Structures are given as C-alpha cells and as structure tokens.
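Next comes coords.csv, a file with CSV, C-alpha atoms (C1' of nucleotides) and all ligand atoms.
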```csv
chain,number,residue,atom,x,y,z
A,262,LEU,CA,0.0,0.0,0.0
A,263,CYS,CA,1.0,3.6,-0.2
A,264,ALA,CA,3.9,4.6,2.0
A,265,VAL,CA,3.0,8.3,2.5
A,266,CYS,CA,-0.8,8.2,2.8
A,267,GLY,CA,-1.9,4.5,3.2
A,268,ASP,CA,-4.2,4.4,0.2
A,269,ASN,CA,-4.1,1.4,-2.2
A,270,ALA,CA,-1.0,1.0,-4.3
A,271,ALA,CA,-0.3,-1.3,-7.2
A,272,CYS,CA,3.4,-0.6,-8.0
A,273,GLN,CA,6.3,1.8,-7.4
A,274,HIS,CA,6.4,5.4,-8.6
A,275,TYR,CA,9.5,7.7,-8.5
A,276,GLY,CA,11.2,5.2,-6.2
A,277,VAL,CA,8.5,4.4,-3.7
A,278,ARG,CA,5.3,2.3,-3.9
A,279,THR,CA,2.6,4.9,-4.0
A,280,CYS,CA,-1.0,5.7,-4.5
A,281,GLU,CA,-2.3,7.1,-7.8
A,282,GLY,CA,-3.1,10.4,-6.1
A,283,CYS,CA,0.4,10.6,-4.6
A,284,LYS,CA,2.0,9.8,-8.0
A,285,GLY,CA,0.1,12.7,-9.6
A,286,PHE,CA,0.8,15.1,-6.7
A,287,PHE,CA,4.5,14.4,-6.5
A,288,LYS,CA,4.8,14.5,-10.3
A,289,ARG,CA,3.1,17.9,-10.7
A,290,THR,CA,4.9,19.4,-7.8
A,291,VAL,CA,8.4,18.7,-9.2
A,292,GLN,CA,7.6,19.7,-12.8
A,293,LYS,CA,6.1,23.0,-11.7
A,294,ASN,CA,8.8,23.4,-9.0
A,295,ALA,CA,5.9,24.2,-6.6
A,296,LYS,CA,6.7,25.5,-3.2
A,297,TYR,CA,4.3,25.2,-0.2
A,298,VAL,CA,3.7,26.6,3.2
A,299,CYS,CA,2.1,24.7,6.0
A,300,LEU,CA,-0.5,26.7,8.0
A,301,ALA,CA,0.4,24.8,11.1
A,302,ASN,CA,3.5,23.2,12.6
A,303,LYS,CA,4.7,21.1,9.8
A,304,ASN,CA,3.4,18.1,11.7
A,305,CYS,CA,0.3,17.5,9.7
A,306,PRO,CA,-0.8,13.8,9.6
A,307,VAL,CA,-0.8,12.5,6.0
A,308,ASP,CA,-3.3,9.6,5.6
A,309,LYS,CA,-5.9,8.8,3.0
A,310,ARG,CA,-8.6,10.9,4.7
A,311,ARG,CA,-6.5,14.0,5.5
A,312,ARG,CA,-4.2,13.7,2.4
A,313,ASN,CA,-5.0,17.0,0.6
A,314,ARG,CA,-5.2,19.1,3.8
A,315,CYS,CA,-1.6,20.3,3.6
A,316,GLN,CA,0.5,20.2,0.4
A,317,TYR,CA,3.7,21.1,2.3
A,318,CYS,CA,3.6,18.3,4.8
A,319,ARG,CA,2.4,15.9,2.1
A,320,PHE,CA,5.4,16.8,0.0
A,321,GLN,CA,7.7,16.8,3.1
A,322,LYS,CA,6.7,13.2,3.8
A,323,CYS,CA,7.1,12.5,0.1
A,324,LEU,CA,10.8,13.4,0.4
A,325,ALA,CA,11.1,11.7,3.8
A,326,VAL,CA,9.8,8.3,2.7
A,327,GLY,CA,12.3,8.5,-0.1
A,328,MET,CA,10.6,9.6,-3.3
A,329,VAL,CA,13.3,11.0,-5.7
A,330,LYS,CA,12.6,14.1,-7.7
A,331,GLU,CA,15.0,13.2,-10.6
A,332,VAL,CA,12.7,10.4,-11.9
A,333,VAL,CA,10.1,12.9,-13.3
A,334,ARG,CA,11.2,13.8,-16.7
A,335,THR,CA,13.4,16.9,-17.2
A,336,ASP,CA,15.4,18.5,-20.0
A,337,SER,CA,15.8,16.0,-22.9
A,338,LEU,CA,13.4,13.4,-21.4
A,339,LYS,CA,10.3,15.5,-20.9
A,340,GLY,CA,7.2,14.2,-22.8
A,341,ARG,CA,8.1,10.5,-23.5
A,342,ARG,CA,5.9,7.8,-22.0
A,343,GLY,CA,7.0,4.4,-20.6
A,344,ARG,CA,10.5,3.2,-19.6
A,345,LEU,CA,13.7,4.9,-20.9
A,346,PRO,CA,16.6,2.7,-22.0
B,262,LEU,CA,22.0,-3.1,-34.9
B,263,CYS,CA,22.6,-6.4,-33.2
B,264,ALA,CA,25.9,-6.5,-31.5
B,265,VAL,CA,26.5,-10.3,-31.9
B,266,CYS,CA,25.2,-11.0,-35.5
B,267,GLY,CA,24.4,-7.7,-37.2
B,268,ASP,CA,20.7,-8.4,-37.9
B,269,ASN,CA,18.2,-5.7,-37.0
B,270,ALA,CA,17.5,-5.2,-33.3
B,271,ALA,CA,14.6,-3.3,-31.6
B,272,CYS,CA,15.8,-3.1,-28.0
B,273,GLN,CA,18.3,-4.5,-25.5
B,274,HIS,CA,18.1,-8.1,-24.3
B,275,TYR,CA,20.0,-9.5,-21.3
B,276,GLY,CA,22.3,-6.5,-21.2
B,277,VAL,CA,23.2,-6.1,-24.9
B,278,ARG,CA,21.3,-4.9,-28.0
B,279,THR,CA,20.5,-8.1,-29.9
B,280,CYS,CA,18.2,-9.5,-32.6
B,281,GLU,CA,15.3,-11.8,-31.8
B,282,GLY,CA,17.3,-14.8,-33.0
B,283,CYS,CA,20.3,-14.2,-30.7
B,284,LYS,CA,17.9,-13.3,-27.8
B,285,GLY,CA,16.2,-16.7,-28.2
B,286,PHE,CA,19.5,-18.6,-28.7
B,287,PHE,CA,21.2,-17.0,-25.6
B,288,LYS,CA,18.1,-17.7,-23.5
B,289,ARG,CA,17.7,-21.4,-24.2
B,290,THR,CA,21.4,-22.0,-24.0
B,291,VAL,CA,21.5,-20.8,-20.4
B,292,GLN,CA,18.2,-22.4,-19.4
B,293,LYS,CA,19.2,-25.8,-20.9
B,294,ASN,CA,22.7,-25.1,-19.5
B,295,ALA,CA,23.8,-26.1,-23.0
B,296,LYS,CA,27.5,-26.6,-23.9
B,297,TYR,CA,28.9,-26.6,-27.4
B,298,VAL,CA,32.1,-27.6,-29.2
B,299,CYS,CA,33.4,-25.7,-32.2
B,300,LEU,CA,34.2,-27.9,-35.2
B,301,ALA,CA,37.1,-25.7,-35.9
B,302,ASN,CA,39.5,-23.1,-34.2
B,303,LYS,CA,36.9,-21.4,-32.0
B,304,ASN,CA,37.3,-18.4,-34.4
B,305,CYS,CA,34.1,-18.8,-36.4
B,306,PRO,CA,32.7,-15.5,-37.6
B,307,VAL,CA,29.2,-14.8,-36.4
B,308,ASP,CA,27.3,-12.5,-38.8
B,309,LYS,CA,23.6,-12.8,-39.9
B,310,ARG,CA,24.3,-15.2,-42.8
B,311,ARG,CA,26.7,-17.6,-40.9
B,312,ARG,CA,24.9,-17.0,-37.6
B,313,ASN,CA,23.7,-20.6,-37.0
B,314,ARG,CA,26.7,-22.4,-38.3
B,315,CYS,CA,28.6,-22.7,-34.9
B,316,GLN,CA,26.7,-22.4,-31.6
B,317,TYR,CA,29.8,-22.3,-29.5
B,318,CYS,CA,31.4,-19.3,-31.3
B,319,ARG,CA,28.1,-17.5,-31.4
B,320,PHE,CA,27.7,-18.2,-27.6
B,321,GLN,CA,31.4,-17.4,-27.1
B,322,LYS,CA,31.0,-14.0,-28.7
B,323,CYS,CA,27.6,-13.6,-27.0
B,324,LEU,CA,29.3,-13.5,-23.6
B,325,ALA,CA,32.1,-11.4,-25.1
B,326,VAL,CA,29.9,-8.6,-26.2
B,327,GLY,CA,28.6,-8.7,-22.6
B,328,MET,CA,25.2,-10.2,-22.2
B,329,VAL,CA,25.0,-11.6,-18.7
B,330,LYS,CA,23.6,-15.0,-17.7
B,331,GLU,CA,21.8,-13.9,-14.6
B,332,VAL,CA,19.0,-11.9,-16.5
B,333,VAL,CA,17.2,-15.0,-17.7
B,334,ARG,CA,15.1,-16.2,-14.8
B,335,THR,CA,16.3,-18.9,-12.5
B,336,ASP,CA,15.2,-20.3,-9.1
B,337,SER,CA,12.5,-18.1,-7.7
B,338,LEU,CA,11.8,-16.2,-10.9
B,339,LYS,CA,11.5,-18.9,-13.5
B,340,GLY,CA,8.3,-18.5,-15.5
B,341,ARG,CA,7.4,-14.9,-14.9
B,342,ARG,CA,6.8,-12.4,-17.7
B,343,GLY,CA,7.8,-8.8,-18.0
B,344,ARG,CA,9.7,-6.4,-15.7
B,345,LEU,CA,10.4,-7.4,-12.1
B,346,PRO,CA,9.4,-5.0,-9.2
C,1,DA,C1',-6.1,25.2,-10.5
C,2,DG,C1',-5.8,21.0,-8.2
C,3,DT,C1',-7.2,16.2,-7.7
C,4,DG,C1',-6.8,11.3,-9.0
C,5,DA,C1',-9.2,7.1,-11.6
C,6,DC,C1',-8.1,5.9,-15.9
C,7,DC,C1',-5.6,5.5,-20.1
C,8,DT,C1',-1.7,4.9,-23.6
C,9,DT,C1',3.1,4.1,-24.2
C,10,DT,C1',7.9,2.0,-23.5
C,11,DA,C1',11.6,-1.7,-22.7
C,12,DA,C1',12.2,-6.0,-22.1
C,13,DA,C1',10.2,-11.1,-19.9
C,14,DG,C1',8.9,-15.2,-21.4
C,15,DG,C1',5.7,-18.4,-24.4
C,16,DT,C1',4.3,-20.1,-29.1
C,17,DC,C1',4.9,-23.2,-33.5
C,18,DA,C1',5.4,-23.4,-38.6
C,19,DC,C1',9.5,-24.5,-40.6
C,20,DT,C1',13.7,-26.8,-40.7
D,1,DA,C1',15.5,-30.5,-31.4
D,2,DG,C1',16.6,-26.0,-32.9
D,3,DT,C1',15.4,-21.5,-35.0
D,4,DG,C1',13.3,-16.9,-34.8
D,5,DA,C1',9.0,-13.8,-36.2
D,6,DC,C1',5.5,-12.9,-33.3
D,7,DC,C1',2.7,-12.6,-29.3
D,8,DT,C1',1.3,-11.6,-24.4
D,9,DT,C1',2.7,-9.8,-19.9
D,10,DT,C1',5.4,-6.9,-16.5
D,11,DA,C1',6.3,-2.1,-14.0
D,12,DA,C1',6.2,2.3,-14.4
D,13,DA,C1',6.4,6.6,-17.3
D,14,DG,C1',3.3,10.5,-18.9
D,15,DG,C1',-1.5,12.4,-20.7
D,16,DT,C1',-6.7,13.0,-19.8
D,17,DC,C1',-10.6,15.5,-17.9
D,18,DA,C1',-15.1,15.2,-14.9
D,19,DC,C1',-15.3,16.8,-10.5
D,20,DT,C1',-14.1,20.0,-7.0
E,1,ZN,ZN,-1.2,7.8,-1.8
E,2,ZN,ZN,1.2,20.7,7.3
E,3,ZN,ZN,21.9,-11.5,-33.7
E,4,ZN,ZN,33.4,-22.1,-34.1
```

Turn the structure described in the file into structure tokens.
Ligand SMILES: [Zn+2]
Ligand SMILES: [Zn+2]
Ligand SMILES: [Zn+2]
Ligand SMILES: [Zn+2]
Amino acid sequence: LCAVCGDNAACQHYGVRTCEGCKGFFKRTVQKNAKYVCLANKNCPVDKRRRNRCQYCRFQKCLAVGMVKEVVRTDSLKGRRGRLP
Amino acid sequence: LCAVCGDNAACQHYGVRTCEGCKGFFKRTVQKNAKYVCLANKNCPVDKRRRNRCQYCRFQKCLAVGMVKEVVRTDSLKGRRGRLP
DNA sequence: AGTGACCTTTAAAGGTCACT
DNA sequence: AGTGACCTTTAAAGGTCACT
C-alpha cells in the first residue's frame, strides 16, 4: 500500500510504492517546482482521509519516505511515456 | 543493430542490443545449460548469414559482447513475464 | 487550479509453432 | 530438437478531464 498516505498502491512510482493520487501530486509538484507553506506546525498527519489538507507536509513526507525528484522527466526526457533505455 | 550477429535489433536483451534470434539462442542455451564444441579453431565469424553455423562461437562472442547470464530467470523467478518489481 | 481514476506508451520477460 | 518472427505480460512513465 502507499507509503506516504496509506491508500491502495499497485506498483512503485518515483522510487516508492505509491497511490495514484500521490503519484500525480509528487509529479506535478516537481515539474512546476511548486513551493508550499504549512498553515500549522509542519506536523500535519498525511493519511488517506487528510491527504489533501496540507500540500507542504504531504510533500515533506514524500521526500522523507524516499521519493526521488529526478525520476520525473526533465530536460531532454520530458514528454516521452514508458520506460527509458 | 545487433551486437553479436548484425541483424536488426529493436531493443536490449539480457544486457546487450540483440536480434530476436540471438535473444532466443542465448536464453535457451542458459536455461538448458547447453554446452557446445566448435568444429574448428573457435574463431568462427558470427554474422547474420553464418549465424547458426557454430553455436559455440556464437555463444562465445555472446558473452564477449557482454550479455549476462543472470538476467534469464532462475530459481525463484522462472516462468514470470515482463519487468520485475 | 488541483485532484486522482483511468488511459496509452515504453523496454524487455517469457511463451508459441510453422519451418527446418 | 533448434530456430526466430510474433505474441502476451510486467512495471512504471506520462497524458486526460469530470469533478471540485
Ligand atoms: Zn497515496
Ligand atoms: Zn502541514
Ligand atoms: Zn543477432
Ligand atoms: Zn566455431
């Protein structure tokens, strides 16, 4: 299951077995180089029910569990689907 | 282009860019743990035309170009299709 | 604008069988 | 029994768009 939020997970995404929602979130965050601010103490619990309630803490736990930014495509590799040789 | 025989090659197989024929040859050789003997000096040229005329020299150069035996599935992984998680 | 269930696209695995 | 053109299956990458 998903290491950052607990939802159901079929395979690994950007280094960690993740939910479909946390694949999309982590992917859009890095492409847009988004930057967030947590309205509370950076201790927001990130489970399936509270997942969207803080984008900072949800990205913070993304980096903590070990999702790697470099996997989302950048420079030459942007746009191509599937595995890269 | 296929590194062992020169035929056309679409992708990489067991570590080296190879044709379908040399993918199949290399895979069954290792599964059957086959062992060959070269009817001549072990210098037999392996191109597309003479490709099947000596299975030792074609296997000899197969390991030389650098395809690795471990990729074909053994023990736990025998029988399973596709990429491994 | 952001979300995420759903989809296509890849590299590369093995399985198949007319032909030899 | 051996070959190899062809097929299906894997994980995992991006793209979509009704819903919010
Ligand atoms: Zn998730
Ligand atoms: Zn927070
Ligand atoms: Zn070849
Ligand atoms: Zn020979």

- Message: as a list in words, please: every protein or nucleic acid residue near ligand ZN 2 (chain E) (cut-off 10 Å, counting only C-alpha atoms (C1' of nucleotides) and all ligand atoms).
- Response: residues 297, 298, 299, 300, 301, 302, 303, 304, 305, 306, 307, 313, 314, 315, 316, 317, 318, 319, 320, 321 and 322 of chain A

Next, write the just-selected residues to a file, as a CSV table (one decimal), in the frame of the given file, keeping C-alpha atoms as the atom set.
```csv
chain,number,residue,atom,x,y,z
A,297,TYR,CA,4.3,25.2,-0.2
A,298,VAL,CA,3.7,26.6,3.2
A,299,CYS,CA,2.1,24.7,6.0
A,300,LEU,CA,-0.5,26.7,8.0
A,301,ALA,CA,0.4,24.8,11.1
A,302,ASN,CA,3.5,23.2,12.6
A,303,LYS,CA,4.7,21.1,9.8
A,304,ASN,CA,3.4,18.1,11.7
A,305,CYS,CA,0.3,17.5,9.7
A,306,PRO,CA,-0.8,13.8,9.6
A,307,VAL,CA,-0.8,12.5,6.0
A,313,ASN,CA,-5.0,17.0,0.6
A,314,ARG,CA,-5.2,19.1,3.8
A,315,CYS,CA,-1.6,20.3,3.6
A,316,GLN,CA,0.5,20.2,0.4
A,317,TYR,CA,3.7,21.1,2.3
A,318,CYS,CA,3.6,18.3,4.8
A,319,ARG,CA,2.4,15.9,2.1
A,320,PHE,CA,5.4,16.8,0.0
A,321,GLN,CA,7.7,16.8,3.1
A,322,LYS,CA,6.7,13.2,3.8
```

- Can you list, as a count of residues only, every protein, DNA or RNA residue that comes within 9 Å of residue 283 (chain A) when you count only C-alpha atoms (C1' of nucleotides), leaving out same-chain residues fewer than 2 positions away? 15

Fitted copy of chain B on chain A, all Cα, as a PDB file with C-alpha atoms, in the frame of the given file:
```pdb
ATOM      1  CA  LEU B 262       0.024  -0.095   0.595  1.00  0.00           C
ATOM      2  CA  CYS B 263       0.999   3.460  -0.146  1.00  0.00           C
ATOM      3  CA  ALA B 264       3.896   4.555   1.903  1.00  0.00           C
ATOM      4  CA  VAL B 265       2.931   8.295   2.090  1.00  0.00           C
ATOM      5  CA  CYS B 266      -0.928   8.163   2.570  1.00  0.00           C
ATOM      6  CA  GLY B 267      -1.991   4.562   3.137  1.00  0.00           C
ATOM      7  CA  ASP B 268      -4.379   4.286   0.155  1.00  0.00           C
ATOM      8  CA  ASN B 269      -4.065   1.239  -2.072  1.00  0.00           C
ATOM      9  CA  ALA B 270      -1.040   1.118  -4.367  1.00  0.00           C
ATOM     10  CA  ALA B 271      -0.390  -1.139  -7.432  1.00  0.00           C
ATOM     11  CA  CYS B 272       3.309  -0.548  -8.069  1.00  0.00           C
ATOM     12  CA  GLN B 273       6.251   1.728  -7.274  1.00  0.00           C
ATOM     13  CA  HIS B 274       6.372   5.317  -8.514  1.00  0.00           C
ATOM     14  CA  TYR B 275       9.486   7.525  -8.479  1.00  0.00           C
ATOM     15  CA  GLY B 276      11.273   5.179  -6.112  1.00  0.00           C
ATOM     16  CA  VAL B 277       8.544   4.479  -3.519  1.00  0.00           C
ATOM     17  CA  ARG B 278       5.297   2.450  -3.535  1.00  0.00           C
ATOM     18  CA  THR B 279       2.555   5.080  -3.772  1.00  0.00           C
ATOM     19  CA  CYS B 280      -1.121   5.518  -4.684  1.00  0.00           C
ATOM     20  CA  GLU B 281      -2.227   7.179  -7.903  1.00  0.00           C
ATOM     21  CA  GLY B 282      -3.090  10.359  -6.009  1.00  0.00           C
ATOM     22  CA  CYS B 283       0.359  10.795  -4.409  1.00  0.00           C
ATOM     23  CA  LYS B 284       2.039   9.785  -7.747  1.00  0.00           C
ATOM     24  CA  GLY B 285       0.160  12.612  -9.505  1.00  0.00           C
ATOM     25  CA  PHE B 286       0.728  15.130  -6.661  1.00  0.00           C
ATOM     26  CA  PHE B 287       4.536  14.417  -6.432  1.00  0.00           C
ATOM     27  CA  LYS B 288       4.844  14.675 -10.220  1.00  0.00           C
ATOM     28  CA  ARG B 289       3.203  18.047 -10.747  1.00  0.00           C
ATOM     29  CA  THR B 290       4.856  19.503  -7.707  1.00  0.00           C
ATOM     30  CA  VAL B 291       8.306  18.878  -9.162  1.00  0.00           C
ATOM     31  CA  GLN B 292       7.361  19.802 -12.727  1.00  0.00           C
ATOM     32  CA  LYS B 293       5.708  23.094 -11.615  1.00  0.00           C
ATOM     33  CA  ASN B 294       8.617  23.422  -9.140  1.00  0.00           C
ATOM     34  CA  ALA B 295       5.825  24.144  -6.661  1.00  0.00           C
ATOM     35  CA  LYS B 296       6.545  25.349  -3.086  1.00  0.00           C
ATOM     36  CA  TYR B 297       4.115  25.178  -0.209  1.00  0.00           C
ATOM     37  CA  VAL B 298       3.719  26.623   3.289  1.00  0.00           C
ATOM     38  CA  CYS B 299       2.120  24.669   6.104  1.00  0.00           C
ATOM     39  CA  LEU B 300      -0.647  26.548   7.919  1.00  0.00           C
ATOM     40  CA  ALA B 301       0.523  24.998  11.076  1.00  0.00           C
ATOM     41  CA  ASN B 302       3.652  23.285  12.716  1.00  0.00           C
ATOM     42  CA  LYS B 303       4.820  21.361   9.646  1.00  0.00           C
ATOM     43  CA  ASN B 304       3.605  18.226  11.547  1.00  0.00           C
ATOM     44  CA  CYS B 305       0.375  17.593   9.658  1.00  0.00           C
ATOM     45  CA  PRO B 306      -0.516  13.924   9.466  1.00  0.00           C
ATOM     46  CA  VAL B 307      -0.841  12.615   5.950  1.00  0.00           C
ATOM     47  CA  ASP B 308      -3.225   9.625   5.754  1.00  0.00           C
ATOM     48  CA  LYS B 309      -5.868   8.908   3.017  1.00  0.00           C
ATOM     49  CA  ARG B 310      -8.638  10.971   4.670  1.00  0.00           C
ATOM     50  CA  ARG B 311      -6.493  14.102   5.524  1.00  0.00           C
ATOM     51  CA  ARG B 312      -4.274  13.576   2.477  1.00  0.00           C
ATOM     52  CA  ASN B 313      -5.111  16.851   0.652  1.00  0.00           C
ATOM     53  CA  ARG B 314      -5.346  19.091   3.628  1.00  0.00           C
ATOM     54  CA  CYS B 315      -1.630  20.296   3.626  1.00  0.00           C
ATOM     55  CA  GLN B 316       0.476  20.035   0.450  1.00  0.00           C
ATOM     56  CA  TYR B 317       3.680  20.948   2.163  1.00  0.00           C
ATOM     57  CA  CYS B 318       3.510  18.173   4.823  1.00  0.00           C
ATOM     58  CA  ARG B 319       2.397  15.667   2.249  1.00  0.00           C
ATOM     59  CA  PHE B 320       5.362  16.785   0.003  1.00  0.00           C
ATOM     60  CA  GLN B 321       7.600  16.936   3.093  1.00  0.00           C
ATOM     61  CA  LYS B 322       6.822  13.344   3.974  1.00  0.00           C
ATOM     62  CA  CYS B 323       6.906  12.417   0.266  1.00  0.00           C
ATOM     63  CA  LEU B 324      10.627  13.191   0.146  1.00  0.00           C
ATOM     64  CA  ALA B 325      11.034  11.601   3.582  1.00  0.00           C
ATOM     65  CA  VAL B 326       9.765   8.244   2.577  1.00  0.00           C
ATOM     66  CA  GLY B 327      12.301   8.549  -0.274  1.00  0.00           C
ATOM     67  CA  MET B 328      10.815   9.268  -3.627  1.00  0.00           C
ATOM     68  CA  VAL B 329      13.445  11.064  -5.655  1.00  0.00           C
ATOM     69  CA  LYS B 330      12.914  14.157  -7.816  1.00  0.00           C
ATOM     70  CA  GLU B 331      15.076  13.121 -10.699  1.00  0.00           C
ATOM     71  CA  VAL B 332      12.664  10.283 -11.956  1.00  0.00           C
ATOM     72  CA  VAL B 333      10.116  12.686 -13.380  1.00  0.00           C
ATOM     73  CA  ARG B 334      11.439  13.767 -16.748  1.00  0.00           C
ATOM     74  CA  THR B 335      13.337  16.967 -17.168  1.00  0.00           C
ATOM     75  CA  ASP B 336      15.487  18.542 -19.930  1.00  0.00           C
ATOM     76  CA  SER B 337      16.032  16.000 -22.638  1.00  0.00           C
ATOM     77  CA  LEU B 338      13.386  13.559 -21.467  1.00  0.00           C
ATOM     78  CA  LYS B 339      10.370  15.723 -20.867  1.00  0.00           C
ATOM     79  CA  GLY B 340       7.325  14.320 -22.645  1.00  0.00           C
ATOM     80  CA  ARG B 341       8.287  10.731 -23.215  1.00  0.00           C
ATOM     81  CA  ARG B 342       6.170   7.791 -22.064  1.00  0.00           C
ATOM     82  CA  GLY B 343       7.181   4.512 -20.555  1.00  0.00           C
ATOM     83  CA  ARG B 344      10.566   2.962 -19.662  1.00  0.00           C
ATOM     84  CA  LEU B 345      13.769   4.594 -20.899  1.00  0.00           C
ATOM     85  CA  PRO B 346      16.408   2.461 -22.813  1.00  0.00           C
TER      86      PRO B 346
END
```

Using all atoms listed in the file, which residues of chain A come within 12 Å of chain D, and what is the closest atom pair for each, with the distance in Å to one decimal? Give it as CSV, sorted by chain and residue number.
```
residue,atom,partner,partner_atom,distance
A:271,CA,D:11,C1',9.5
A:272,CA,D:11,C1',6.8
A:273,CA,D:12,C1',7.0
A:274,CA,D:12,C1',6.6
A:275,CA,D:12,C1',8.7
A:276,CA,D:12,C1',10.0
A:277,CA,D:12,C1',11.1
A:278,CA,D:12,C1',10.5
A:279,CA,D:12,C1',11.3
A:281,CA,D:12,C1',11.8
A:284,CA,D:12,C1',10.7
A:285,CA,D:14,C1',10.1
A:288,CA,D:14,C1',9.6
A:289,CA,D:14,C1',11.0
A:292,CA,D:14,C1',11.8
A:332,CA,D:13,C1',9.1
A:333,CA,D:13,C1',8.3
A:334,CA,D:13,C1',8.7
A:338,CA,D:13,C1',10.6
A:339,CA,D:14,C1',8.8
A:340,CA,D:14,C1',6.6
A:341,CA,D:14,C1',6.6
A:342,CA,D:14,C1',4.9
A:343,CA,D:13,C1',4.0
A:344,CA,D:13,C1',5.8
A:345,CA,D:13,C1',8.3
A:346,CA,D:13,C1',11.9
```

- Could you check which of A:330, A:310, A:294, A:335 is closest to ligand ZN 1 (chain E), using only C-alpha atoms and all ligand atoms?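 Going through A:330, A:310, A:294, A:335 one by one, the smallest distance to ligand ZN 1 (chain E) is for A:310.
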
- Rounded to one decimal in Å, what is the spacing between CA of residue 329 (chain A) and atom ZN of ligand ZN 1 (chain E)?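 Computed distance, CA of residue 329 (chain A) to atom ZN of ligand ZN 1 (chain E), equals 15.4 Å.
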
- Could you check how far CA of residue 267 (chain A) sits from CA of residue 337 (chain B), in Å to one decimal? 28.9 Å

- Query: What is the distance, in Å and to one decimal place, between CA of residue 296 (chain B) and atom ZN of ligand ZN 4 (chain E)?
  - Reply: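 That distance, rounded to one decimal, is 12.6 Å.
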